[PDB]
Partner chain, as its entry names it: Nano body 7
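Only one chain is given next, in C-alpha cells, and it is the form deposited without the partner chain.
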C-alpha cells in the first residue's frame, strides 16, 4: 500500500545523519558562493529524488557583512584615549575547524557604522519592563549612554528598538552564563555549553513582516524599484555588537552608580551587576568605545522550490518550507531541520517512483537569508501572493528539528490541533522510559497543557521564522514541531555560535538520530495528511474553544481598569457575542461535514476549511504594522518570538494608564474591540451555509 505508514516507514535516521553531516562541513552564510553551491546541490538531489520540477527562485535583497579589512570591536578607553582593553576579533574556532576559511566573525547584522564613546548603563534583558524599571522607578537616564544588555527572553531586535527609544547611542549584547550555561554540563567541545569566548550572531532588524528592507510589498526581482537606505524598513539607528561572557565580565566588573534593583537583574558572573551609568570612582574617567564598520549591500539570494504535482487537486498547495542559510556551520540551526526536509522529500519521491501521487500538490522549499530577516520566504511569498492567497492549504515550517532532547514542542494554528493529537498518537515515543508508548503519551506527560487539562501543550505561533509571511500576512494555516529542552525564547547555549557543529549534534544532542527521525515523522506526517486526506484535517471547533479563552483573557486585562471602562462605556459584549456565534456556527458546520459521494459539496466544504484561516486577515493590517494582518494572532510588539492573541486590543490596552489623553486611548481600545468582534463574526459566517 501507498498510505501514510508506507511514507513514514521509508524515513531513516541513518539518512538524516548523512545529510546533516553533508550540510555542515563548511559555512553557508546567505549571499555567499558556498550557499549558492549548496542550493544547486539541493536542487539536483530533489530532482534525483523524484520531484516533478525543482527551480531556483532568486532575489536581490539587502544583506549586511563585517568589513574584512576593518574589524568590529569594543574598547575600554582611558582619558588619554588609550584602548586598554579590546573585545575579541573572532571566536576560537572548534577542534579540527581552526583552518576553515570564511567563518564570519560575530557581528550584529544591519548595525550602522559608528565609533560612539560613552558611559555604560546595564539594562538587564533590555525588555520593555526593564526600561520602565530604569526610567520610571530608578530614575536612570539612558540618553547618550551605551547600553549593555544580556541576550535572552526576547528577540534581540526588540532590545535594540527599546534601547534606541530610550535614547542610547549604542548597544552591546552579551551572553550571560545565567542564560547560556547549564549547571553541571561542560563547555564545547566537551559538552553542549557556551564557552567564555562564544558569541551569538543575529540580525537586529524591526521589519514587522516587511521582508527585504528596500522592497516592502513587492518581490526584489530584477526590475524592482528600491527605497533609498534612509527610507529602508526596520534598520537600527545606533551601532550594536555582540560579545561573550569573558569580554562582558571585563566591561561589567568596573560598573558603578546604582545597585541592581533586585536579584532578577543579576546574572551568574562575579560582578555586582550595577546599573551605572559609568564606572566606580577609580575608573570614573574611563569610557567604552565601539568600532563598527559593517556595510549593508544588495546581494543575490536563492530559494530552492520543489513541486510534487497533486493527482486530484493540483491547484491546492501544502507547503513544507525551511531555511538553508546559516550563520556559520548550522549544525542545529538550520541544517538539523534541512536534513529532515531532505529525507522527507526522498521518501515522498520514493512513493512517487512507484506510481503514487498525493491528492494535493506539495511544495518543498529551501529558503535563503532567513537569518537576515526571513527574506527568502518573504520575497517568494510576495511574488506568489495571489497563488498562495487562493490555493494555499497549509504551511509547515522546518527550521531546527532539535533544540534539546526532552520532549516535543509544537506551535500551530488551532485548525491543526486535532491533526497533531491524532498523528502523535500513532507515532512511537523515542524517549527513554516510554519505549512501547506513543509520542502523544510522552509529550502529554512531559508538557501538560495548562489551559486544557489532560492534553499536551500547544503554543501560539509568534514570529522570528519563515512561517511569518504565510500565517500573519497571508492567513494560511501554519504549524511547526521540534524536539526541545525542559528559557524558551533564549535559544540553546551554542545558538548562532561557531560551536554549533555536526559534532555538537552527533555527540551531545542526538547520537542515534532518533529525535530527528521522530520530528521527520511529525512534520512529514502532517504534510502527508494535509496533502492526502479527502476532507482537509482542520477542526474549526478548536478555533472556537481558543477564541473564548483569548476573549476572557483580553477582557480580564481591560478589567484591571474598571473606572475607565465605566467612564468610556467600554464593553466586550460584541466580542463575546461574535465568539458565541462562531462556536454555534462551527458546531453546525462540523455536523454538515460529517453528514454529506458529492465532490462539489466536498470541495465547497474543503474551501470553507481552507479559507477559514484566511477569514482572520484584515486587509488594512494592524496599527502601523501593515504586514501583520491576522486579527487573532500577531508577534508580540515587545518580543517578535512570542505570539500575542487579539494583538490590536492588547496593544491598545498596554500601559494605558500612562497615556496623556485617556479619552482617546480608551476610544482606540473600543475601536479594536469592534474590529476584533467584526472579524470573528465574519470568519464565522464563512462557515455558514453558502446560500
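Positions refer to the first chain, counted from 1.
Unshown form solved in complex with the partner chain; subsequent notes refer to it.
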Residue stretch of 437-445, 147-155, 287-295, 544-552 approaching the partner chain in the bound PDB entry, non-hydrogen atom distance within 4.5 Å: 544-552
message: Taking the partner chain as it sits in the bound PDB entry, is residue 418 near enough to touch it, meaning that at least one heavy atom pair lies within 4.5 angstroms?
response: no
query: Using heavy atoms and a 4.5 Å limit, would one call residue 410 a contact residue for the partner chain in the bound PDB entry?
result: no
message: Is residue 165 near the partner chain? Define near as a heavy atom within 4.5 Å, in the bound PDB entry.
response: no
- request: Would you check, heavy atoms only and a 4.5 Å threshold, whether residue 186 touches the partner chain in the bound PDB entry?
  value: no
field: The unique member of 263, 594, 101, 563 whose heavy atoms fall within 4.5 Å of the partner chain in the bound PDB entry
entry: 563
field: Listed residue that, although the partner chain is not shown, lies within 4.5 Å of it in the bound PDB entry (heavy atoms), from 273, 406, 576, 356
entry: 576
task: Using the arrangement in the bound PDB entry, list in sequence order the residues of 423-454 with any heavy atom within 4.5 angstroms of the partner chain.
output: 450, 451
